[PDB]
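Inspection log for the structure reproduced underneath, given as structure tokens.
Number of protein chains: 2
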Amino acid sequence: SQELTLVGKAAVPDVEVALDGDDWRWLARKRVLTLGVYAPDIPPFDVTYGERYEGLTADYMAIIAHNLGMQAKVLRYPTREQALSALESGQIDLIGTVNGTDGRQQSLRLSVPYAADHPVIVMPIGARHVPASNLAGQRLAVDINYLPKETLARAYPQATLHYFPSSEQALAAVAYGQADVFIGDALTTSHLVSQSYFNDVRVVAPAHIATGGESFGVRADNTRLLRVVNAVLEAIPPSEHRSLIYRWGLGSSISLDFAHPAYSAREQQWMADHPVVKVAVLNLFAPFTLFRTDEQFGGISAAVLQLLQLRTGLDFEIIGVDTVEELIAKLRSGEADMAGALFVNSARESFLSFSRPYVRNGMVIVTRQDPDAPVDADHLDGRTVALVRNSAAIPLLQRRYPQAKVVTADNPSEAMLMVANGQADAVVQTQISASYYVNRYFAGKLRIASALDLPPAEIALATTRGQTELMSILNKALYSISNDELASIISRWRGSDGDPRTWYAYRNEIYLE
Amino acid sequence: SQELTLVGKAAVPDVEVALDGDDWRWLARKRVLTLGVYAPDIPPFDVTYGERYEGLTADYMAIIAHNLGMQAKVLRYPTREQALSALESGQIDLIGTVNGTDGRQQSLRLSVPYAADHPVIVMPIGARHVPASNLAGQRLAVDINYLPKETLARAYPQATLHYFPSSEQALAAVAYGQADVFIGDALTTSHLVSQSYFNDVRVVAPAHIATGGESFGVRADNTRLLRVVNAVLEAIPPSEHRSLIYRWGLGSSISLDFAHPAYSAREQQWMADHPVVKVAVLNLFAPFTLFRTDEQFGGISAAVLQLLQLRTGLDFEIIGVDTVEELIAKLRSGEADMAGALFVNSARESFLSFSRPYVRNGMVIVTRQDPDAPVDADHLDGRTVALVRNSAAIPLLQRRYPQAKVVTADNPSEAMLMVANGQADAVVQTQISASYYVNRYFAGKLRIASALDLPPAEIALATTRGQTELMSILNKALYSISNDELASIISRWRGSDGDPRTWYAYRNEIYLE
Numbered sequence: 164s165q166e167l168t169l170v171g172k173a174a175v176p177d178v179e180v181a182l183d184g185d186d187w188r189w190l191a192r193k194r195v196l197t198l199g200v201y202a203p204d205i206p207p208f209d210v211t212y213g214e215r216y217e218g219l220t221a222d223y224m225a226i227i228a229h230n231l232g233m234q235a236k237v238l239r240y241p242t243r244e245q246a247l248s249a250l251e252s253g254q255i256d257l258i259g260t261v262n263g264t265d266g267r268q269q270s271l272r273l274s275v276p277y278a279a280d281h282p283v284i285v286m287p288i289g290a291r292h293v294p295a296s297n298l299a300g301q302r303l304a305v306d307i308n309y310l311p312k313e314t315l316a317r318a319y320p321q322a323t324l325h326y327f328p329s330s331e332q333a334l335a336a337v338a339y340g341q342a343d344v345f346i347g348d349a350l351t352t353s354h355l356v357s358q359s360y361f362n363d364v365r366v367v368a369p370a371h372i373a374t375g376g377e378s379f380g381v382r383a384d385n386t387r388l389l390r391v392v393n394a395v396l397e398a399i400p401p402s403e404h405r406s407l408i409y410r411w412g413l414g415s416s417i418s419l420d421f422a423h424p425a426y427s428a429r430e431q432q433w434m435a436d437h438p439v440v441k442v443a444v445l446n447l448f449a450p451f452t453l454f455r456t457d458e459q460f461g462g463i464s465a466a467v468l469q470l471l472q473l474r475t476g477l478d479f480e481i482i483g484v485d486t487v488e489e490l491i492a493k494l495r496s497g498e499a500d501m502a503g504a505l506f507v508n509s510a511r512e513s514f515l516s517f518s519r520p521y522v523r524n525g526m527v528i529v530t531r532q533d534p535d536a537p538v539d540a541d542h543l544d545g546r547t548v549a550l551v552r553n554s555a556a557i558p559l560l561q562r563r564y565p566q567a568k569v570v571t572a573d574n575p576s577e578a579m580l581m582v583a584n585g586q587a588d589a590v591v592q593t594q595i596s597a598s599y600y601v602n603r604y605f606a607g608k609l610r611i612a613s614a615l616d617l618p619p620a621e622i623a624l625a626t627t628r629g630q631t632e633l634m635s636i637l638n639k640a641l642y643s644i645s646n647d648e649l650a651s652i653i654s655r656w657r658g659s660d661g662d663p664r665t666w667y668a669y670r671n672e673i674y675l676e
Numbered sequence: 164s165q166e167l168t169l170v171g172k173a174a175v176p177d178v179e180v181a182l183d184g185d186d187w188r189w190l191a192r193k194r195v196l197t198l199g200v201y202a203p204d205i206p207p208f209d210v211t212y213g214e215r216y217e218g219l220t221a222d223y224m225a226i227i228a229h230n231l232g233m234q235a236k237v238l239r240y241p242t243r244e245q246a247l248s249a250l251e252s253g254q255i256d257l258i259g260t261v262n263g264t265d266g267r268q269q270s271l272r273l274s275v276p277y278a279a280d281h282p283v284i285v286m287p288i289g290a291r292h293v294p295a296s297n298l299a300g301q302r303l304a305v306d307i308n309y310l311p312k313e314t315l316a317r318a319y320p321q322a323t324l325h326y327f328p329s330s331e332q333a334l335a336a337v338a339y340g341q342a343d344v345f346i347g348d349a350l351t352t353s354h355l356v357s358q359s360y361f362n363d364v365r366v367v368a369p370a371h372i373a374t375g376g377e378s379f380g381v382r383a384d385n386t387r388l389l390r391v392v393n394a395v396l397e398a399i400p401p402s403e404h405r406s407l408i409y410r411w412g413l414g415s416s417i418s419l420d421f422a423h424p425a426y427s428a429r430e431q432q433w434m435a436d437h438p439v440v441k442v443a444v445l446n447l448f449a450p451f452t453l454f455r456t457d458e459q460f461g462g463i464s465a466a467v468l469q470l471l472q473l474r475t476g477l478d479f480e481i482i483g484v485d486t487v488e489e490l491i492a493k494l495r496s497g498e499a500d501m502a503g504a505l506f507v508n509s510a511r512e513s514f515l516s517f518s519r520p521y522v523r524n525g526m527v528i529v530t531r532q533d534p535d536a537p538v539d540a541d542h543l544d545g546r547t548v549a550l551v552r553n554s555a556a557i558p559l560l561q562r563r564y565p566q567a568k569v570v571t572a573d574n575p576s577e578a579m580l581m582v583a584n585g586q587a588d589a590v591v592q593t594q595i596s597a598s599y600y601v602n603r604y605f606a607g608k609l610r611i612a613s614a615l616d617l618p619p620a621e622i623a624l625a626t627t628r629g630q631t632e633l634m635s636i637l638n639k640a641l642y643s644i645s646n647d648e649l650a651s652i653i654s655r656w657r658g659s660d661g662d663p664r665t666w667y668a669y670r671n672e673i674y675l676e
């Protein structure tokens with residue numbers, strides 16, 4: 164048994180609480196409300212530093228203590244089973260961070276969940292669709308602390324269970340090939356994946372295992388305490404439930420109230436008749452559409468398409484082409500049902516329909532890092548400037564900067580290589596794309612001279628205009644995707660500027676021996 | 164005049180609204196509340212795609228319409244004044260997204276702002292402080308549309324103003340060397356920066372110019388409608404204001420509150436006596452502490468210290484050393500006041516004191532990509548595993564993996580290279596750091612084998628056990644840093660798995676011809 168002091172957010176909200184005048188005076192004499200917490204310490208619920216207790220459970224404990232005029236105390240127990248006994252004594256009035264599988268005890272009763280929480284199914288980036296076959300033949304990794312061994316076994320009997328000390332270890336397994344699937348807590352998964360594993364795994368569906376959200380547990384006879392705690396929790400508005408979830412960085416898990424878009428008669432029967440949708444993408448349009456060292460589809464678009472898959476349940480199959488002219492070709496003929504990423508273009512709006520854009524970004528001209536390179540975009544007079552053939556930018560550019568000499572290339576990658584080779588003085592790119600390339604691969608060879616005085620580029624999904632049922636389905640889904648998820652996705656694709664030259668250097672010395 | 168459909172978003176809130184009942188049935192008879200919005204379209208407040216209207220303003224219109232039992236309609240007008248003309252006309256009941264410089268118009272009445280927004284000053288990432296002498300002689304970039312020229316000139320009279328078509332072009336100007344300082348509103352600035360400009364610039368302080376938040380405008384004549392709207396707007400809790408801010412990806416702007424940490428007198432005078440604090444960091448500890456191509460301090464930690472400055476007003480001076488021994492050497496000797504990033508360590512807690520961790524990450528083993536390489540950490544029997552000399556990790560590892568043969572190196576970069584060279588069969592790393600190096604610089608040479616069944620590593624600030632006021636201040640600051648901002652920093656530092664072997668390939672082919 165260890166005592167801790169509760170820090171849980173600076174400004175704790177006031178909820179409208181309605182209690183029996185007899186309930187209030189009971190609380191008044193009780194003085195101290197004691198929460199008990201336990202062994203592993205599983206973020207974001209439980210976070211321990213020094214003598215201080217904090218976390219999502221801490222925060223609701225804070226909300227309960229504050230709105231009931233109570234002094235909060237915290238004791239921390241070496242194991243979950245010792246904590247359960249601490250409740251019985253009852254040395255402590257509340258136990259923290261318990262779900263549906265701990266009461267499930269009958270010795271203990273659960274408060275209304277203070278945190279919405281359900282189990283989710285995680286698979287590697289490549290994996291397509293849920294094994295709706297109830298994960299048969301799969302190696303299913305789980306936190307030993309999350310679900311009871313036989314809840315899984317009953318729900319996934321043809322799956323091979325493999326238990327790990329922690330949620331992270333289970334998830335690591337799926338990332339690094341020791342397991343095929345992960346089942347885990349939605350909140351903690353969201354944390355783990357967003358922080359640093361989003362390249363390795365993805366949340367693919369909810370699991371058909373019922374757990375309660377996260378709750379406080381109160382000893383079974385203590386029917387009065389359950390009343391007054393629930394009095395508070397029920398009064399917490401959803402805005403506060405949400406606000407706290409964003410703060411612990413679990414913004415990715417809001418979406419996990421999963422199926423959300425309401426679909427038409429005409430739309431969902433289309434979805435039955437077209438379970439697989441064919442997407443055309445550019446092979447070298449980084450960081451928007453690309454293929455990794457894995458031969459795997461990747462980039463901002465690949466990330467968004469994956470979410471669209473979560474929202475619609477469609478299975479996207481990706482077809483990669485080298486040039487833009489080819490991409491449109493496959494779109495017209497129906498070889499491809501949709502474009503993964505196209506700049507919104509009024510010219511092609513003749514025959515194409517664009518989704519709600521999911522990237523809006525400004526443009527820049529990239530030059531070599533020679534003394535002779537155009538110093539900035541206002542000094543483009545008589546210099547050769549690379550653009551992609553038939554770009555919406557091309558008319559606009561020679562309108563704004565007429566002394567600039569436009570030369571065209573087939574795809575965005577060749578346009579940039581022209582500048583790297585000496586065949587051009589500048590190339591027009593989105594800031595995201597240019598920023599990316601310059602610091603990542605061309606440190607000390609290329610540079611962003613300046614912005615262009617053009618309107619911002621918009622990147623979207625595209626279909627042929629006839630494709631009406633698809634586009635309304637995509638747009639419905641795209642609307643369900645918040646700009647926070649898009650920003651999280653984009654910024655983590657742009658990344659940060661490190662020191663690739665020191666490490667090009669190390670890879671090169673090693674190659675000599 | 165074109166009408167738009169307010170896109171039905173998420174879960175629109177119920178606020179506790181109090182109205183007269185002469186008011187309530189007046190609303191019942193009225194049926195429809197009509198919002199007017201106008202051509203320019205200002206993300207994230209006003210966004211148009213086709214016939215659909217969305218944005219921060221859209222969301223609050225919804226809250227007002229919903230909580231007052233109204234069907235909301237939106238008409239979109241080609242010029243601001245055409246909307247103004249519709250307002251007097253009574254075609255529209257309220258006009259959207261008007262702020263403090265339009266309640267300097269007095270011709271219409273403004274609701275209490277539904278979204279707080281203030282101007283901020285943006286400078287290049289390297290900057291320390293706003294330039295002295297009210298930005299005199301500096302090149303100040305602003306959106307032509309943000310502030311009225313005479314407002315800037317009154318406040319920054321000695322400054323060279325440079326106006327731009329857009330907020331992004333202004334910010335682009337500071338990023339790419341054409342301007343020195345940027346001014347714009349916290350909400351749209353936070354989006355631009357957090358989305359893709361965080362490598363190039365930073366928000367440094369608020370600008371001493373008052374603008375109102377964003378408000379609705381209603382006909383001056385219509386005092387009844389002003390009452391009922393404000394009835395709703397006032398009742399929207401701070402959680403809901405925040406949640407919407409988070410959803411639109413502007414979580415970064417809550418940090419521009421600005422200051423929240425309350426400091427003691429003993430502390431406030433310590434900060435006085437030591438305005439400059441010297442931080443020791445490892446030179447090649449990516450993505451935590453490193454020096455990038457600029458010879459500039461970079462990594463997760465630098466971002467975090469950047470935040471620590473903003474929260475405390477200390478000036479951090481960065482001292483880069485090559486090894487851990489060397490680092491601690493400077494920490495004991497007093498050359499350095501604190502460590503930028505150290506693993507939390509039970510051994511050193513005798514003479515070292517650790518901060519609240521700001522990275523918590525589980526550990527992994529990296530092996531070469533030979534068939535000989537260990538398959539996972541359970542198959543390390545008789546294999547050599549590189550760790551850093553006197554690392555807290557070593558004991559824990561040989562306790563768990565007793566047949567494993569530890570070999571040590573001076574720093575983390577050297578420890579990893581041991582595996583690259585052939586001097587070790589595997590190396591111990593944080594999963595983040597390993598993930599980074601492997602996919603970024605060592606594609607097809609190194610790989611992550613599996614997680615380790617050890618506790619997660621914790622990265623923290625460190626001082627000598629004596630430096631108490633320093634540590635106390637750092638911890639106060641670190642608690643004020645939301646777990647959401649830390650997550651945003653870590654993900655953009657891990658970044659994403661691309662195709663480095665392609666661009667190694669293009670770069671060498673360019674130099675060969």
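From first to last, the protein sequence lines are chains A and B. Residues in the first sequence are numbered consecutively from 164, following the numbering used here. Residues in the second sequence are numbered consecutively from 164, following the numbering used here. Heads up, the beta-carbon is just placed ideally off N, CA and C, and yes, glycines get one too.
Worksheet item: Do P663/A and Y604/B come within 8 Å of each other at the CB atom, strictly closer than that value?
Response: In this structure, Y604/B sits near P663/A, with a CB-CB distance shorter than 8 Å.
Discussion item. Can you check which of these residues, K608/B, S513/B, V507/B, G476/B, is closest to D535/B by C-alpha distance?
Written reply: When only C-alpha atoms are compared, the closest one is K608/B.
Discussion item. Is the separation between the beta-carbon of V200/B and that of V175/B shorter than 8 Å?
Written reply: With contacts defined by Cβ atoms closer than 8 Å, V200/B and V175/B do not form a contacting pair.
Worksheet item: With respect to the beta strand (DSSP E) encompassing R610/A, which residues constitute its N-terminal and C-terminal limits?
Response: Judged by DSSP secondary structure, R610/A falls within the beta strand (DSSP E) whose first and last residues are 609-614.
Worksheet item: Hey, would you say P207/A sits closer than 8 Å to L419/A, going by beta carbons?
Response: One thing to note: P207/A has its Cβ no nearer than 8 Å to the Cβ of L419/A.
Discussion item. Alpha carbons only, please: which of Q592/B, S464/B, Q165/B is nearest the one belonging to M526/B?
Written reply: For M526/B, the nearest C-alpha among the options comes from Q592/B.
Worksheet item: Got a sec: is the Cβ-Cβ distance from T211/B to anything in chain A below 8 Å?
Response: It does not; no Cβ of chain A falls within 8 Å.
Worksheet item: Given that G607/A touches chain B, what residues does it touch there, using C-beta distances under 8 Å?
Response: Chain order gives the chain B residues near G607/A as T456, where near means a beta carbon separation below 8 Å.
Worksheet entry | C-beta atoms of residue 679/A and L182/A nearer than 8 Å | Any property of residue 679/A remains undetermined from this structure, which presents chain A solely from 164 to 676.
Practice prompt. Measure the C-alpha to C-alpha separation of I673/B and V570/B and round it to an integer number of angstroms.
Written response: In this structure, the CA atom of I673/B is about 41 Å from the CA atom of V570/B.
Item to complete: Output, in chain order, the set of chain A residues within a Cβ distance shorter than 9 Å of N524/B.
Response: From the beta-carbon of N524/B, the residues of chain A found nearer than 9 Å are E331, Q358, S359.
Discussion item. For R519/A, tell me which candidate among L637/A, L310/A, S402/A has the shortest Cα-Cα distance.
Written reply: Of the residues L637/A, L310/A, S402/A, the one whose Cα lies closest to the Cα of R519/A is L637/A.
Item to complete: Pick helix, strand or coil for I346/A, following the three-state DSSP scheme.
Response: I346/A carries a strand assignment under DSSP once its states are collapsed to helix, strand and coil.
Worksheet item: What does a CB cutoff of less than 7 Å around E217/A pick up in its chain, not counting 5 residues either side in sequence?
Response: Same-chain partners within the cutoff: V170, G171, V210.
Worksheet item: Could you give the residue range of the alpha helix (DSSP H) that holds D306/B?
Response: Unbroken run through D306/B is the beta strand (DSSP E), 302-306; no alpha helix (DSSP H).
Worksheet item: For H423/B, which residues in chain A fall below 8 Å Cβ to Cβ?
Response: Per Cβ cutoff of 8 Å: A173.
Discussion item. Count Cβ pairs between the segment 354-374 of chain B and the segment 315-334 of chain B that sit closer than 8 Å; are there 3 or more?
Written reply: Yes, they touch.
Worksheet item: Does the distance from the CB of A620/A to the CB of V529/A come in under 8 Å?
Response: Judged by beta-carbon spacing, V529/A lies beyond the 8 Å limit of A620/A, meaning their Cβ atoms are not closer than that value.
Worksheet item: Which two residues bound the contiguous alpha helix (DSSP H) that contains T486/B?
Response: From DSSP, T486/B is part of no alpha helix (DSSP H); its letter is neither H nor E.
Worksheet item: Does the beta carbon of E214/A come closer than 8 Å to any beta carbon on chain B?
Response: So, not an interface residue.
Item to complete: Determine the direct distance from the alpha carbon of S353/B to that of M286/B, and round the result to whole angstroms.
Response: So the two alpha carbons sit approximately 13 Å from each other.
Worksheet item: What in chain A is Cβ-close to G184/B, meaning under 8 Å?
Response: Against chain A, a Cβ distance below 8 Å from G184/B picks out nothing, because the smallest value is about 22 Å.
Worksheet entry | As assigned by DSSP and simplified to three states, the class of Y277/A | Look at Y277/A here: in three-state DSSP terms it is coil, with no helix or strand label.
Worksheet item: Name the chain A residues whose beta carbon is nearer than 8 Å to that of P206/B?
Response: By Cβ distance, chain A contributes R523.
Worksheet item: What does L580/B reach in chain A if we use C-beta pairs closer than 8 Å?
Response: Residues of chain A passing the Cβ test: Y669, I673.
Practice prompt. Consider the Cβ of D436/A: report whether some Cβ of chain B lies at a distance smaller than 8 Å.
Written response: No, its Cβ sits nowhere closer than 8 Å to a Cβ of chain B.
Fill in: chain B contact residues for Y339/A, given Cβ-Cβ distances below 8 Å
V527, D539, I611, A612, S613, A614, listed in chain order.
Worksheet item: Alpha carbon to alpha carbon, how far is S416/B from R405/B?
Response: Distance between the alpha carbons of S416/B and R405/B is about 10 Å.
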